[PDB]
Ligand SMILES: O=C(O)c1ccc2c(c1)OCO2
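Take a look at this single chain, the form solved without 1,3-benzodioxole-5-carboxylic acid (0HN), given in structure tokens.
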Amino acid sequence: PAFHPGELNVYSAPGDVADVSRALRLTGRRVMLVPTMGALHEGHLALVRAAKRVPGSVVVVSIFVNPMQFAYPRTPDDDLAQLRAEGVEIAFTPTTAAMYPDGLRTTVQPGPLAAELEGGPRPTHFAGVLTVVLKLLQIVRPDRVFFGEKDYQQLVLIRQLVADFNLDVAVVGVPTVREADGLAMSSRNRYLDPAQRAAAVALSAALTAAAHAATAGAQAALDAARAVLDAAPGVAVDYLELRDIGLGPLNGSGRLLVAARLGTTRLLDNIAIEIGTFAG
């Protein structure tokens, strides 16, 4: 397949991008993978910009959504335009047929973390995610793969996949990008009406209140977050949990995670927490 450098090259066949990627790597380029669902916003552009900054980098951005056999925003044209503007040179847009010619046959079984937090009500969700991440990693064989911290549990599970199957790829976690008031950027934010968008600031306010409260201990940090969420009218909290950084249920460093509903829209956010001395 053709590859025009300094232009955006779009491939849909896995064999096409795998051949292009291999050829580029043989000629010294380091292949960077940014896996996405499409509906790209500035939080995805932060991953692209981190990938671009690796010297010698060729950036592959994949766009794929799992089929739902038994609502997700799909803006393809528009995604590719953003990529061109970022000077990405390869978009990989495989069909469902090319990814699952045999339906779901061999799959990845995550460890016990997948049954907690986001997985509690959807016990098979992360098996779906990690199966596609492993396939994309085998098709593209990147040097580095980039994920947002906004989906923190997904990130931890991806690092478990990479460690547990001895994958030769470095996983790069990229900090969440936020709107001016603190709201974490998400494709789902478009589903908030104006009142809901106003109320949704409480997630990030609660988290950053807790991160500063934490000089007083874990309980004070948790109670500060809960109070702020309790003060927010249309916010229905699904969970608010403080865990160790690898999402084991805690020492001096932790991660605080929240999930909440605003009407039908489910929002997540999370923050680094340092208990006692030092931080803040």
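Just count from 1 along the sequence shown to find any residue number. Think of the rigid core as the biggest set of C-alphas that the two forms share within 1.5 Å after superposition.
- Farther from the shown form on average, by C-alpha root mean square after a core fit in 9 other deposited structures of this protein, is 250 to 258, of the stretches 27 to 35 and 250 to 258.
- Put simply, when the other structures in 9 other deposited structures of this protein are lined up on the rigid core, the C-alpha atoms of 59 to 67 lie farther off than those of the other stretch, from 59 to 67 and 238 to 246.
- Compared with other entries of the same protein, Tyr72 falls in the group left without coordinates by at least a third of them, where both flanks are modelled.
- Where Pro249 is followed by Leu250 in the displayed chain, the model omits 1 to 3 of the deposited residues that sit between the two.
- Unmodelled residues of the deposited sequence between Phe70 and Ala71: 4 to 9.
- With 250 to 258 and 56 to 64 compared on mean CA B-factor from the PDB entry, the stretch scoring higher is 250 to 258.
- Judged by mean Cα B factor in the deposited record, 180 to 188 ranks above the other of 100 to 108 and 180 to 188.
- Looking at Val133, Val140, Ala81, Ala206, the one whose CA carries the top B-factor in the deposited record is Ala81.
- As recorded in the entry, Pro123 carries the highest CA temperature factor of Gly148, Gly128, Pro123, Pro94.
- Annotation for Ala231: C-alpha temperature factor in the highest third relative to the rest of the modelled chain, per the entry.
- Compared with the other modelled residues of the chain, the Cα B-factor recorded for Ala23 ranks in the highest third.
- Among all modelled residues in its chain, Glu118 ranks in the middle third by Cα B-factor.
- Placement of the Cα temperature factor of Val171 within the chain: lowest third of the modelled residues, per the deposited record.
- In this PDB entry, the Cα temperature factor of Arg197 sits in the middle third of its chain's modelled residues.
FYI, the form deposited with 1,3-benzodioxole-5-carboxylic acid (0HN) bound isn't displayed, but the following is about it.
- In terms of contact with 1,3-benzodioxole-5-carboxylic acid (0HN) in the entry with it bound, the residue from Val162, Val174, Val156, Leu192 that brings a heavy atom within 4.5 Å is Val174.
- Screening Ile139, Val88, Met185, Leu113 for any heavy atom within 4.5 Å of 1,3-benzodioxole-5-carboxylic acid (0HN) in the entry with it bound leaves a single hit, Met185.
- When contacts are judged by a 4.5 Å heavy atom cut-off, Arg226 does not count as touching 1,3-benzodioxole-5-carboxylic acid (0HN) in the entry with it bound.
- Of the heavy atoms in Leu47, some are within 4.5 Å of 1,3-benzodioxole-5-carboxylic acid (0HN) in the entry with it bound.
- Although 1,3-benzodioxole-5-carboxylic acid (0HN) is not shown here, in the entry with it bound the stretch 138 to 158 places heavy atoms of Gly148, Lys150, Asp151 within 4.5 Å of it, in sequence order.
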